[PDB]
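Novice: Here is my input, please return the structure:
(3 chains)
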Amino acid sequence: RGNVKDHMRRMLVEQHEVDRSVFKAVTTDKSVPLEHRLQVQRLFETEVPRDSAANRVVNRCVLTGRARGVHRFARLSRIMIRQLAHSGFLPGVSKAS
RNA sequence: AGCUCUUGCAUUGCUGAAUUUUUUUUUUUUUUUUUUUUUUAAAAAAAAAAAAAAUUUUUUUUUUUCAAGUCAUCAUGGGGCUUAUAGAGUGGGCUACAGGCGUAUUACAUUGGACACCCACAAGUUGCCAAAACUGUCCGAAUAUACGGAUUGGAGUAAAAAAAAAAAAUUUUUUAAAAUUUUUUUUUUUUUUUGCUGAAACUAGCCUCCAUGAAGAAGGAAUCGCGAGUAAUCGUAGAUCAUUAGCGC
RNA sequence: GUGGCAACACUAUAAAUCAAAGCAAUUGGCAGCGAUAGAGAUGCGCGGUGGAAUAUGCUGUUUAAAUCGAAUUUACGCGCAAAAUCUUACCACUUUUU
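Specialist: Numbers count the residues shown, from 1 in each chain, chains lettered A, B, ... in the order given. I have put the structure below:
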């Protein structure tokens, strides 16, 4: 399915690098500025791409277009993990016990 | 070229079910004797005897049938679509709520609740951490109990540690007593504390603390599951995950 | 036609159709036919459900959409090992390219 559209979202997290967003987040998590955090947070999460915060990423699979049931254990999805596992074309993951 | 459009009765793949049990009876090594093939030699073959035994924390693994399920896993046959069955953007909805059903959890207490304890011993030191309980103490009036913890409002708050100087022998009762030899000033100072995480938590997260405290006093007909470290009970840690699993796995 | 008191007892062919009707040993499905083995297979126990509330899934109702499949056993803590936007395919609106 649409694995690449998420890669575009990941690229927007990094083209408009998260550092710029998080540094503005630093000044809104500081209570030292008495106010203007409302002004800083008023824009700067709206001029900043709303599709670049780190929650819109949904961590899809890479083999296929799986969007549900993924694994970071070996960057694959369950049915493929089983297919590669029985094939053994994977780093030594055997049937258990 | 693209479909998340159809067709699982066109399909590959993968799985469901119970067919719940069978997966040890079989070889190999050695000995003795002997014979089959090749211009100084190995295997081979045959009669008998003895031993080695059969993978993993103990389940996986081997299994027959349902046009069983899935075209939204991808794939792909056929058909359909291409100003829309194609892509974006913003916000919903995928979680709504007479009824009814399935699966779980929590109780309806005293074999218990609470609170403390030592903060009891684990799976789990490989390139330290619990709970039930044991010991102590409070509670047993149909109280709906100090059981239970559903719904609903409301609010997001305390400190503890100790250092240096000046002074020093002060605070509190009755009509006779009491606490300090540290009282009152300045400078200090840590460690926690901040509601959390996210851009945004009303619906619709979660946390903490108040308050309101529901049913429920063990459940018919009916029925399911399981005979040893098993049921039940008790935590624990892993996944996906910004956080959300309390009950799911 | 013969016998009888008869029920009828004989003797006795065909017309007409069909392409098999049959037979014996089996090999399988039945048992409302027995002997031997095995399963909490029961009657033997424990704990559940169904009673209450919450969670959670499904139908049904409505809504603009409540996206779509799973459908008796083996569907209903199922695809979802997680939906606040995104995931998301559904709707309202505004655009885009063939």
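Novice: In contact with residue A:21, which residues?
Specialist: For residue A:21, the contact set (C-beta atoms under 8 Å, 6 or more residues apart in numbering) comprises A:44, A:45, A:48, A:52, A:53. In this view, the C-beta of every residue, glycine as well, is placed from N, C-alpha and C.
Novice: Using the three-state scheme, assign it.
Specialist: Assigned by DSSP: H, G, I helix; E, B strand; the rest coil, the conformation of residue A:21 is helix.
Novice: Spell out which residues of chain A are next to RNA strand B.
Specialist: Within chain A, the positions lying close to RNA strand B (C-beta under 7 Å from any atom of the strand) are A:1-2, A:5, A:21, A:25, A:41, A:45, A:50-51, A:53-59, A:64-67, A:70-73, A:79-80, A:82-83, A:95-97.
Novice: which ones among the residues you listed are found in strands?
Specialist: Those of the residues of chain A next to RNA strand B mapping onto strands are A:70, A:71, per DSSP state E.
Novice: Pull out the buried members of the residues of chain A next to RNA strand B.
Specialist: Among those, the ones that count as buried by 16 or more other C-beta atoms under 10 Å are A:21, A:25, A:45, A:53, A:66, A:70, A:80.
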